[PDB]
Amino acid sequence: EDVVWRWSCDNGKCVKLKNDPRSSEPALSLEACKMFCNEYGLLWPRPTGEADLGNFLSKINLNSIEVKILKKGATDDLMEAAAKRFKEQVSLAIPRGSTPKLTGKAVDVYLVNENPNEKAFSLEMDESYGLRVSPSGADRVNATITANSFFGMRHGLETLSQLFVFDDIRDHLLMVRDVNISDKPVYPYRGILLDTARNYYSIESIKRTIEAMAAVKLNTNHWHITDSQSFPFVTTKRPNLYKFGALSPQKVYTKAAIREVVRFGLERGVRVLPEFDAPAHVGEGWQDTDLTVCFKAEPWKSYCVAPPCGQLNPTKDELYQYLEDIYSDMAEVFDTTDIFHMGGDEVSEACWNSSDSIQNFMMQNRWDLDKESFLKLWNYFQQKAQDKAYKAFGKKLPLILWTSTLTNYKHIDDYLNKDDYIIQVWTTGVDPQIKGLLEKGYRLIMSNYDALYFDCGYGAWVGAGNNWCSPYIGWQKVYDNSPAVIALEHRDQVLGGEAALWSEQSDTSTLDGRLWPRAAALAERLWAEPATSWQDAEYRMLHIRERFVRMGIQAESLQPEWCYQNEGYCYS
């Protein structure tokens, strides 16, 4: 049949009413009402600058959308790719199975890239843009996007595509008539950590993830590509690592596959940031190299915090030749990244202390078998690993490490320095380590586990009950979690945040639901740092969820669709 209802805006809420035949008032479709009833309409994330949507919509012909690139340059193929993708994205306003009438105005999109040669990812990159929409002559629409760089330009394309609504009452494709928007992200680093080691993720699912990221302007895919459970990274120089380390020969990331993902990311403003986690979290792949200790050590509880146990042996020099080669193979294929993540998850002192080679080596350096000495061994490892990373990437570049006993702000400056090392924070936001680190000059990526661990909440994967960081974290908690509140006056030292999906209990099948649409909550927090809380973003969050589903993403359902159709009636 055809849609029976209509919606009217009353005190910021779209309320459902019978579409009565005896009325001289034009009925509004659901999302047409939402576009002007909501403070920010259907936009996600909301702009940080001018956000003026005017009062009207204009009927648009889907086949009359043309894109013109005004300043040609070295980003030509990227801009042409993003332009070609524009039509497909506008089509996302239209629900599947619904066909818009081909009538209405023509749409001219004018892309102005002020520095058309700039293709590099950096923390200082300019992601700002400006968007104006306006009637041009009679039969057409002028959409002008102006940005300092390609990245701002394609963010602008994303926002513009969000200014289309499908009227399912009339079968009309509509677009906001008069728009003035200026926008720039609050934080340079907006990411998702994907663990592809604890379980395998098809590369299509990784690309699909990147798509969903670009839709909400997340700019960083942190690819945690190895751990103790597997080595899917294809290293041409050390091929036995992946041959013995992969879950199967099918479950692997080839050079061609990684290049595809990296390029796919670049086109969508997503930096693909590789991690090689060391000296802990190593395991499969290293068999018979004699370069590890404690692999599969039983009882595991006595050695590491989760099975299988395994750690690199810093005392073997051949190790750094392995490391150099791995980093080199990574540097070749992940060639858009300006940053390298070197892990540094808690090293087990028990693990290192159960080896003869290691104790002998520490005897000779006069170091003892106490704590500070194993901290010295770790530092020795990190200094050498770091040198090899610098060589592999052909330059010094920023390195990321997790908070750990090594990164304790009290002694951190013995080991690292704040110019070369960025610290990813997985503690709580109320943890004293954060203020210590900030006071000592260090930069942070907030992945605090009480608000940002997307794996929390499910059944236990060892024993019974629930998993370690339960309860499950709803989008509300991830929205209200503010790095500005956490870092206070030192907030410029916060580079941004990252949603972490650890994969002990997640893979190809579960990934859409794990990330979406909670990552969108993080996306807006990082993009706009709103002083407003989640309830103010609720309605738009429900819409963005629907947009994800339309994109083919299997996003988690937040609320009954009834709530979405009847704003204000679901509350607590």
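Residues carry their position along the shown sequence, with the first being 1.
Per the entry, where is the mean C-alpha temperature factor higher: 221-229 or 385-393?
The deposited B-factors put 385-393 ahead on the C-alpha mean.
Between 33-41 and 511-519, which has the larger average Cα B-factor in the PDB entry?
The stretch with the larger mean CA B-factor is 33-41.
For the listed residues 417, 196, 161, 117, which one has the largest C-alpha B-factor as given in the deposited model?
By C-alpha B-factor in the record, 117 ranks first.
Out of 86, 479, 421, 472, highest CA B-factor residue
Across 86, 479, 421, 472, the entry lists the biggest C-alpha B-factor for 86.
By the record's CA B-factor, is residue 73 among the lowest, middle or highest third of residues in the chain?
Highest third, going by the recorded CA B-factors of the chain.
Sort the modelled residues of this chain by their C-alpha B factor and say whether residue 572 lands in the lowest, middle or highest third.
According to the entry, residue 572 has a C-alpha B-factor in the chain's highest third.
Against its chain's modelled residues, does residue 549's Cα B factor rank lowest, middle or highest third?
Within its chain, residue 549 is a lowest-third residue by C-alpha B-factor, going by the deposited values.
Going by the CA temperature factor in the PDB record, which third of the chain does residue 468 belong to: lowest, middle or highest?
Residue 468: CA B-factor falls in the highest third of its chain.
Tell me, lowest, middle or highest third: where does the Cα B factor of residue 67 rank within its chain?
Highest third - that is where residue 67 ends up once the chain's C-alpha B-factors are sorted.
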